[PDB]
Amino acid sequence: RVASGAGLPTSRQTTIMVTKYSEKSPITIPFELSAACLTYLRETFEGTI
Amino acid sequence: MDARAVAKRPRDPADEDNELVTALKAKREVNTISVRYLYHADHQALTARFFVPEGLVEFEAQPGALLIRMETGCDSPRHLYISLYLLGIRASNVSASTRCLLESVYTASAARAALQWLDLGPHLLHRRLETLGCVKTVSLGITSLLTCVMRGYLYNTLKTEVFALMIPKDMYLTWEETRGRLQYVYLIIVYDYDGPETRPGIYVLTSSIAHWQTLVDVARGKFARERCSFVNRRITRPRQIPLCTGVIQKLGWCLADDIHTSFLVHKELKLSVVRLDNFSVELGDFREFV
Amino acid sequence: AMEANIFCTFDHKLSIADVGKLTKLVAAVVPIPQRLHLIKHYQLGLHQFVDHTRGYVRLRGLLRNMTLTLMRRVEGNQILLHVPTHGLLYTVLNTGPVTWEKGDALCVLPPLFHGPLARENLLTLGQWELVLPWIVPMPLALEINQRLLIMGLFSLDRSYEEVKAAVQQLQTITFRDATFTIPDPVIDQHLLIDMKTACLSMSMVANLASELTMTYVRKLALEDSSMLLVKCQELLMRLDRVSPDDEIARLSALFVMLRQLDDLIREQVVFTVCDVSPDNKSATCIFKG
C-alpha cells in the first residue's frame, strides 16, 4: 500500500489467494517386433554358424 | 477457579500494556511505528466519519454544530447533510436581519437545493429530517471529512479541549427564569398553520423538565397559537390531511451553568450564538404533540 | 476475562457444510425468549412460533417484547450469542431485502415468507428450520404495517372488482430499488384471528369516538374557559351537514380497545446506523433499546 493525505481515498488492508493446477498429457510411442526375429531370439536352435 | 482468579479486582483499561505492544514484544522486533501509547484509547465518545460536499460546510469549520440529514425523492444523492444554521433560513422564527445575513453566505448548489427540497408538504417535512448528532473536526477539502459523535461527550483529541454546542440566538428558547442544576436540550419544531403558507419555525428548548408528558404540558401551554392555527386549518379546509403540528426530540444535556453568548467568525460575518460548553450528545426518537 | 455472552448448544448432529453455512452469519440479529445462559437450539428464531391459523400480527406481538441478541462466534458444540447493551456500537449483518444508509432508524420485523418458501437456503434440520427477522428502515416498517392494516381492513368484501384493483395495487410497496411485494392476509376467504381483532378494535375505537364525544361536549359546554371547546363542537355540528351504565361500559371499552393497539400505533427503534460497509451487506449499528 501507499499512504496518501487526509481525506483522500486510501487503501483497505487487502490479501489475495491464487491456486494453480496441473494438466495431464501422457505420451506414447508404440512399436512392433517381428515374428521371425522373436522366434529366433526366445527359442534356441541347433549349432550352426 | 481459585480465589485469586475468581474474586480478582476489575482492571484499569489503560494500566496494562497494549495488545499491539505485547504482540510486538513477544517476538522482540523493532518497527519505526511508535507503539507504546495508543491515542483515542479511553474515548467514551463514539466517532463517525461522514462525507459531505463543499456546498454545505460553510460555518462548520468551527468545531461544534448540529448535523441533520434529509431524504429526497431522487435516488443517488438521496441523503443530504444539512447543518443547523441552514435549517433556519427556511424557518420563519429567525428575524429578517439574521436571515438576510446568512442567506448571503450559503451561495452554493446543494444548499439552495436543500432549501428547495424543503418545499413539499409539512407532514412529510416531519419525516424528512432525522438527527445525526454533532460534529467536532473537519478537514477543509473539496469533500471534507467530518467526525460525527452520537453518544457521549464532545471533545478534542487527547482530551485537552472540551468542544461546545452552538445554537443561534433566535432559536434559543428558555421557558423559565431560574435554571435548575441540570437541563436537557431539545429540538422543537412548530408549524404556524396559516391559510396559504405553511412555512415552519425551528426552536431549541433548554428545559430542566425530564418526564415527557410534563414537557408536552408546558408545550401545549406555550404553543396555543400553533394548535389554534392547526385546528383553524382543519376546519377551514376539510377533506385534506394535516397532522403532526408540533415535533419534539432530545438532543442531549448540558450542565446548566456554562450557558453564555458568544460570536461566530466565518467569512467575516459575526453570528451571535449561545454556547453550551461541557456538552454531551444523547439522542432520542422523534416524538410529537397535537 | 470473558464477556457476558449466552452459550447455545445444538442437540442435533452438525455437519461441516451446515457449520460452513452458519458461519456466514457472524454478526447476525437473533431473537431469544428469555435471556438465560444455556439455551437449546429450538430457541434460535421464530420457528417455535410459526403457526397456521395465526399469522403476521401475532408474530409482531411476540417480536416486540422478544429479547434479541447478536451471534459472535461459531465453533464445535457451542454458539456464543452476545447480548447487546443500550449505548454501545455493534456490527450487524443485513439479512434483509434492502440496503441501508447512514442514519436510518432500524427496527426488527418478522419475515414475510413462511416455512413454505422456494428461495430460502438456511440452516435446516429434520424438523428445525432456522429463520431470522429482517431489519428494515423504520419508514419501510411503518409503510408495511400501515398497508397491511389497510388491505386487511378489506378482508370481507373481495367479490367486487374495484376492491380487487385496490388490493392488487396495494399488494406492493415502493422503496429504494424495491419492487418488493407483500402477500395477502386473506387466504382462501377466511381471516387469521388476530388480524381480525386488530382491525375490529380499530373500527371500534373509531365508532366509539365518533359517537360519544358529542354527548360529552354537550355536558362539557358549561365550563368553557378556553377557546378550544367551541370549535371542538363546531366540528361535530359540521359533521352532520343515555343510561349511565352503558356509557360507563362504553368508555371502559374505549380505553381497553385503545390499550390493545399499542403494538400497532407505536413501536420502538432498535438499531440505528453509524456507517455502512462496502457492498452493503454489513453495518455497524449502535444499539438503542
# chains A, B, ... in the order shown; residues from 1 in each chain; ligands from 1
call {"tool": "interface_residues", "arguments": {"of": "chain B", "to": "chain A", "cutoff": "8 Å", "atoms": "only C-alpha atoms", "output": "count of residues only"}}
result
5
call {"tool": "interface_residues", "arguments": {"of": "chain B", "to": "chain C", "cutoff": "9 Å", "atoms": "only C-alpha atoms", "output": "ChimeraX atom specification"}}
result
/B:46-50,69,75,79,127,130-132,150-151,228,231-232,235,284-285
call {"tool": "atom_distance", "arguments": {"atom1": "atom CA of residue B:60", "atom2": "atom CA of residue B:274"}}
result
15.7 Å
call {"tool": "residues_around", "arguments": {"residues": "residue B:173", "least_positions_apart": "5", "cutoff": "8 Å", "atoms": "only C-alpha atoms", "output": "ChimeraX atom specification"}}
result
/B:203-206
call {"tool": "write_last_selection", "arguments": {"atoms": "N, CA, C and O atoms", "output": "mmCIF file, in the first residue's frame"}}
result
data_model
loop_
_atom_site.group_PDB
_atom_site.id
_atom_site.type_symbol
_atom_site.label_atom_id
_atom_site.label_comp_id
_atom_site.auth_asym_id
_atom_site.auth_seq_id
_atom_site.Cartn_x
_atom_site.Cartn_y
_atom_site.Cartn_z
ATOM 1 N N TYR B 203 -36.959 25.578 16.896
ATOM 2 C CA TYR B 203 -36.560 26.019 18.222
ATOM 3 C C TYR B 203 -35.694 24.961 18.887
ATOM 4 O O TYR B 203 -35.787 23.770 18.584
ATOM 5 N N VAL B 204 -34.853 25.416 19.811
ATOM 6 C CA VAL B 204 -34.132 24.546 20.728
ATOM 7 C C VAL B 204 -34.492 24.926 22.160
ATOM 8 O O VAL B 204 -34.358 26.077 22.585
ATOM 9 N N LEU B 205 -34.991 23.941 22.900
ATOM 10 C CA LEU B 205 -35.513 24.142 24.247
ATOM 11 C C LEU B 205 -34.514 23.596 25.250
ATOM 12 O O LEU B 205 -34.272 22.388 25.281
ATOM 13 N N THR B 206 -33.948 24.466 26.085
ATOM 14 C CA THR B 206 -33.073 24.018 27.167
ATOM 15 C C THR B 206 -33.860 24.020 28.475
ATOM 16 O O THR B 206 -33.650 24.845 29.361
#
call {"tool": "select_by_dssp", "arguments": {"residues": "stretch 2-64 of chain C", "states": "alpha helix (DSSP H)", "output": "list in words"}}
result
residues 16, 17, 18, 19, 20, 21, 22, 56, 57, 58, 59, 60, 61, 62, 63 and 64 of chain C
call {"tool": "residues_around", "arguments": {"residues": "residue C:171", "least_positions_apart": "3", "cutoff": "7 Å", "atoms": "only C-alpha atoms", "output": "count of residues only"}}
result
6
call {"tool": "residues_around", "arguments": {"residues": "residue B:207", "least_positions_apart": "6", "cutoff": "7 Å", "atoms": "only C-alpha atoms", "output": "list in words"}}
result
residues 174, 175, 183, 184 and 185 of chain B
call {"tool": "closest_residue", "arguments": {"among": "A:36, A:21, A:29, A:12", "to": "chain C", "atoms": "only C-alpha atoms"}}
result
A:12
call {"tool": "select_by_dssp", "arguments": {"residues": "stretch 26-192 of chain C", "states": "strand (DSSP E or B)", "output": "mmCIF file with N, CA and C atoms, in the first residue's frame"}}
result
data_model
loop_
_atom_site.group_PDB
_atom_site.id
_atom_site.type_symbol
_atom_site.label_atom_id
_atom_site.label_comp_id
_atom_site.auth_asym_id
_atom_site.auth_seq_id
_atom_site.Cartn_x
_atom_site.Cartn_y
_atom_site.Cartn_z
ATOM 1 N N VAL C 29 -28.508 -10.670 13.643
ATOM 2 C CA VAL C 29 -29.524 -10.477 14.671
ATOM 3 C C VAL C 29 -30.270 -11.787 14.908
ATOM 4 N N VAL C 30 -30.433 -12.157 16.178
ATOM 5 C CA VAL C 30 -31.111 -13.396 16.563
ATOM 6 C C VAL C 30 -32.033 -13.088 17.740
ATOM 7 N N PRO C 31 -33.286 -13.536 17.736
ATOM 8 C CA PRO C 31 -34.148 -13.351 18.905
ATOM 9 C C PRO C 31 -34.105 -14.536 19.865
ATOM 10 N N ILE C 32 -34.453 -14.252 21.119
ATOM 11 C CA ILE C 32 -34.351 -15.174 22.258
ATOM 12 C C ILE C 32 -35.567 -14.951 23.152
ATOM 13 N N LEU C 38 -27.781 -20.977 29.134
ATOM 14 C CA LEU C 38 -27.617 -22.185 28.323
ATOM 15 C C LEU C 38 -28.954 -22.490 27.665
ATOM 16 N N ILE C 39 -29.030 -22.266 26.363
ATOM 17 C CA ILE C 39 -30.259 -22.448 25.609
ATOM 18 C C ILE C 39 -30.094 -23.621 24.662
ATOM 19 N N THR C 67 -36.368 -10.688 23.418
ATOM 20 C CA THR C 67 -35.060 -10.169 23.823
ATOM 21 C C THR C 67 -34.039 -10.599 22.775
ATOM 22 N N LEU C 68 -33.800 -9.723 21.804
ATOM 23 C CA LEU C 68 -32.932 -10.049 20.683
ATOM 24 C C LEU C 68 -31.466 -10.044 21.105
ATOM 25 N N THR C 69 -30.627 -10.651 20.267
ATOM 26 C CA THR C 69 -29.206 -10.773 20.563
ATOM 27 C C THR C 69 -28.432 -10.908 19.258
ATOM 28 N N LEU C 70 -27.107 -10.873 19.375
ATOM 29 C CA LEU C 70 -26.205 -10.997 18.241
ATOM 30 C C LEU C 70 -25.295 -12.200 18.417
ATOM 31 N N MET C 71 -25.108 -12.952 17.336
ATOM 32 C CA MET C 71 -24.122 -14.018 17.331
ATOM 33 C C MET C 71 -22.720 -13.422 17.359
ATOM 34 N N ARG C 72 -21.789 -14.140 17.976
ATOM 35 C CA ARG C 72 -20.403 -13.689 17.999
ATOM 36 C C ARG C 72 -19.461 -14.692 17.349
ATOM 37 N N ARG C 73 -19.497 -15.962 17.746
ATOM 38 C CA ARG C 73 -18.521 -16.914 17.241
ATOM 39 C C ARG C 73 -19.148 -18.291 17.115
ATOM 40 N N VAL C 74 -18.820 -18.974 16.023
ATOM 41 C CA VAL C 74 -19.320 -20.311 15.725
ATOM 42 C C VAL C 74 -18.166 -21.291 15.862
ATOM 43 N N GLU C 75 -18.386 -22.361 16.618
ATOM 44 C CA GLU C 75 -17.391 -23.405 16.808
ATOM 45 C C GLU C 75 -18.128 -24.698 17.137
ATOM 46 N N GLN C 78 -21.010 -25.265 20.474
ATOM 47 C CA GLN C 78 -21.412 -24.082 21.216
ATOM 48 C C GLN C 78 -21.432 -22.870 20.298
ATOM 49 N N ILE C 79 -22.466 -22.051 20.465
ATOM 50 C CA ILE C 79 -22.664 -20.834 19.691
ATOM 51 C C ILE C 79 -22.754 -19.669 20.664
ATOM 52 N N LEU C 80 -21.795 -18.754 20.585
ATOM 53 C CA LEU C 80 -21.690 -17.659 21.540
ATOM 54 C C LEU C 80 -22.542 -16.489 21.067
ATOM 55 N N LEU C 81 -23.666 -16.261 21.737
ATOM 56 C CA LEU C 81 -24.522 -15.122 21.449
ATOM 57 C C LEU C 81 -24.161 -13.989 22.396
ATOM 58 N N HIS C 82 -24.099 -12.773 21.870
ATOM 59 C CA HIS C 82 -23.754 -11.592 22.649
ATOM 60 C C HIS C 82 -25.017 -10.785 22.893
ATOM 61 N N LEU C 89 -21.857 0.255 20.276
ATOM 62 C CA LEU C 89 -21.983 0.063 18.841
ATOM 63 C C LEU C 89 -21.615 -1.368 18.482
ATOM 64 N N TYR C 90 -22.367 -1.940 17.551
ATOM 65 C CA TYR C 90 -22.256 -3.350 17.233
ATOM 66 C C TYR C 90 -22.348 -3.541 15.731
ATOM 67 N N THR C 91 -21.519 -4.436 15.212
ATOM 68 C CA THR C 91 -21.666 -4.879 13.837
ATOM 69 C C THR C 91 -22.922 -5.728 13.729
ATOM 70 N N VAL C 92 -23.719 -5.482 12.693
ATOM 71 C CA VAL C 92 -24.946 -6.233 12.459
ATOM 72 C C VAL C 92 -25.056 -6.546 10.968
ATOM 73 N N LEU C 93 -25.348 -7.805 10.652
ATOM 74 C CA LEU C 93 -25.471 -8.238 9.270
ATOM 75 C C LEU C 93 -26.816 -7.826 8.690
ATOM 76 N N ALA C 105 -33.211 4.810 10.788
ATOM 77 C CA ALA C 105 -33.717 4.196 12.005
ATOM 78 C C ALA C 105 -34.135 2.763 11.709
ATOM 79 N N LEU C 106 -33.577 1.819 12.456
ATOM 80 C CA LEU C 106 -33.688 0.402 12.146
ATOM 81 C C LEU C 106 -34.431 -0.329 13.252
ATOM 82 N N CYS C 107 -35.361 -1.192 12.860
ATOM 83 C CA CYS C 107 -36.182 -1.920 13.812
ATOM 84 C C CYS C 107 -36.451 -3.318 13.281
ATOM 85 N N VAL C 108 -36.768 -4.220 14.198
ATOM 86 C CA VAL C 108 -36.986 -5.617 13.853
ATOM 87 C C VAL C 108 -38.337 -5.771 13.173
ATOM 88 N N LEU C 109 -38.464 -6.829 12.374
ATOM 89 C CA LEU C 109 -39.684 -7.107 11.656
ATOM 90 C C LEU C 109 -39.635 -8.589 11.310
ATOM 91 N N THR C 124 -31.141 -25.893 8.051
ATOM 92 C CA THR C 124 -32.280 -26.793 8.024
ATOM 93 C C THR C 124 -31.890 -28.080 8.735
ATOM 94 N N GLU C 129 -35.904 -25.488 11.632
ATOM 95 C CA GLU C 129 -35.561 -24.665 10.478
ATOM 96 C C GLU C 129 -35.275 -23.260 10.983
ATOM 97 N N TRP C 134 -35.794 -9.821 9.638
ATOM 98 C CA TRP C 134 -35.039 -8.795 8.941
ATOM 99 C C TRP C 134 -35.006 -7.524 9.768
ATOM 100 N N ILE C 135 -34.083 -6.640 9.417
ATOM 101 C CA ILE C 135 -34.046 -5.295 9.965
ATOM 102 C C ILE C 135 -34.224 -4.361 8.777
ATOM 103 N N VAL C 136 -35.383 -3.723 8.689
ATOM 104 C CA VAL C 136 -35.663 -2.783 7.610
ATOM 105 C C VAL C 136 -35.579 -1.384 8.202
ATOM 106 N N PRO C 137 -35.431 -0.336 7.396
ATOM 107 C CA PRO C 137 -35.569 1.019 7.933
ATOM 108 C C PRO C 137 -36.989 1.292 8.393
ATOM 109 N N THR C 172 -48.248 -4.272 -3.196
ATOM 110 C CA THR C 172 -46.839 -3.992 -3.413
ATOM 111 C C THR C 172 -46.417 -2.721 -2.686
ATOM 112 N N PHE C 175 -39.999 1.220 -2.574
ATOM 113 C CA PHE C 175 -38.886 1.819 -1.853
ATOM 114 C C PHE C 175 -37.672 1.859 -2.767
ATOM 115 N N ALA C 178 -36.705 -1.166 -4.872
ATOM 116 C CA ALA C 178 -37.553 -2.164 -4.222
ATOM 117 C C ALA C 178 -38.889 -2.249 -4.952
ATOM 118 N N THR C 181 -43.010 -7.024 -2.890
ATOM 119 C CA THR C 181 -44.440 -7.173 -2.682
ATOM 120 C C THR C 181 -44.687 -7.977 -1.419
ATOM 121 N N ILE C 187 -56.395 -15.612 3.086
ATOM 122 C CA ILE C 187 -56.037 -16.877 2.459
ATOM 123 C C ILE C 187 -57.292 -17.735 2.353
ATOM 124 N N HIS C 190 -60.865 -16.837 4.395
ATOM 125 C CA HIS C 190 -61.073 -16.812 5.834
ATOM 126 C C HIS C 190 -59.845 -16.178 6.468
#
call {"tool": "residues_around", "arguments": {"residues": "residue B:121", "least_positions_apart": "6", "cutoff": "10 Å", "atoms": "only C-alpha atoms", "output": "VMD selection string"}}
result
chain B and resid 198 to 199 242
call {"tool": "decode", "arguments": {"residues": "stretch 97-116 of chain B", "atoms": "N, CA, C and O atoms", "output": "compact mmCIF listing (two decimals), in the first residue's frame"}}
result
# COMPACT_ATOMS: atom_id res chain seq x y z
N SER B 97 -33.33 40.32 9.62
CA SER B 97 -31.95 40.79 9.71
C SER B 97 -30.98 39.62 9.64
O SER B 97 -30.08 39.58 8.79
N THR B 98 -31.18 38.62 10.50
CA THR B 98 -30.27 37.49 10.52
C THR B 98 -30.49 36.56 9.33
O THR B 98 -29.53 35.95 8.85
N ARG B 99 -31.72 36.47 8.82
CA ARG B 99 -31.96 35.60 7.67
C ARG B 99 -31.40 36.19 6.39
O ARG B 99 -30.84 35.46 5.56
N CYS B 100 -31.53 37.51 6.20
CA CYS B 100 -30.82 38.14 5.09
C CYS B 100 -29.34 38.38 5.39
O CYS B 100 -28.61 38.83 4.50
N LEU B 101 -28.89 38.08 6.61
CA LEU B 101 -27.46 37.96 6.85
C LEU B 101 -26.93 36.63 6.34
O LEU B 101 -26.05 36.60 5.47
N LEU B 102 -27.45 35.52 6.85
CA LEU B 102 -26.85 34.24 6.48
C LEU B 102 -27.40 33.67 5.17
O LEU B 102 -26.90 32.64 4.71
N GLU B 103 -28.41 34.30 4.56
CA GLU B 103 -28.81 33.90 3.22
C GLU B 103 -27.74 34.28 2.21
O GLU B 103 -27.55 33.59 1.20
N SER B 104 -27.01 35.36 2.49
CA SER B 104 -25.97 35.86 1.60
C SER B 104 -24.62 35.19 1.82
O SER B 104 -23.61 35.72 1.34
N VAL B 105 -24.56 34.06 2.52
CA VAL B 105 -23.28 33.40 2.76
C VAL B 105 -23.34 31.92 2.40
O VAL B 105 -22.28 31.26 2.32
N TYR B 106 -24.52 31.37 2.14
CA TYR B 106 -24.70 30.00 1.68
C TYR B 106 -24.94 29.94 0.18
O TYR B 106 -25.76 29.15 -0.29
N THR B 107 -24.26 30.78 -0.59
CA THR B 107 -24.43 30.77 -2.04
C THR B 107 -23.72 29.57 -2.65
O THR B 107 -22.52 29.63 -2.93
N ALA B 108 -24.45 28.49 -2.87
CA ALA B 108 -23.89 27.28 -3.45
C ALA B 108 -24.99 26.50 -4.14
O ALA B 108 -26.14 26.95 -4.25
N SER B 109 -24.63 25.31 -4.63
CA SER B 109 -25.61 24.47 -5.32
C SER B 109 -26.44 23.67 -4.33
O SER B 109 -27.67 23.80 -4.30
N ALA B 110 -25.79 22.85 -3.51
CA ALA B 110 -26.51 21.88 -2.68
C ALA B 110 -27.24 22.54 -1.52
O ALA B 110 -28.25 21.99 -1.06
N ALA B 111 -26.80 23.71 -1.07
CA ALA B 111 -27.51 24.41 0.00
C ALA B 111 -28.87 24.90 -0.48
O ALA B 111 -29.90 24.65 0.15
N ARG B 112 -28.89 25.59 -1.62
CA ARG B 112 -30.15 26.04 -2.18
C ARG B 112 -30.96 24.87 -2.72
O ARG B 112 -32.19 24.95 -2.78
N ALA B 113 -30.30 23.77 -3.07
CA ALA B 113 -31.03 22.55 -3.40
C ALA B 113 -31.72 21.97 -2.17
O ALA B 113 -32.84 21.45 -2.28
N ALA B 114 -31.10 22.06 -1.00
CA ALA B 114 -31.76 21.60 0.22
C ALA B 114 -32.93 22.50 0.58
O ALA B 114 -33.99 22.02 1.00
N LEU B 115 -32.75 23.82 0.41
CA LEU B 115 -33.85 24.75 0.65
C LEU B 115 -35.01 24.52 -0.31
O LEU B 115 -36.17 24.62 0.08
N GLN B 116 -34.71 24.18 -1.56
CA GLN B 116 -35.75 23.78 -2.49
C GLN B 116 -36.27 22.37 -2.21
O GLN B 116 -37.35 22.01 -2.70
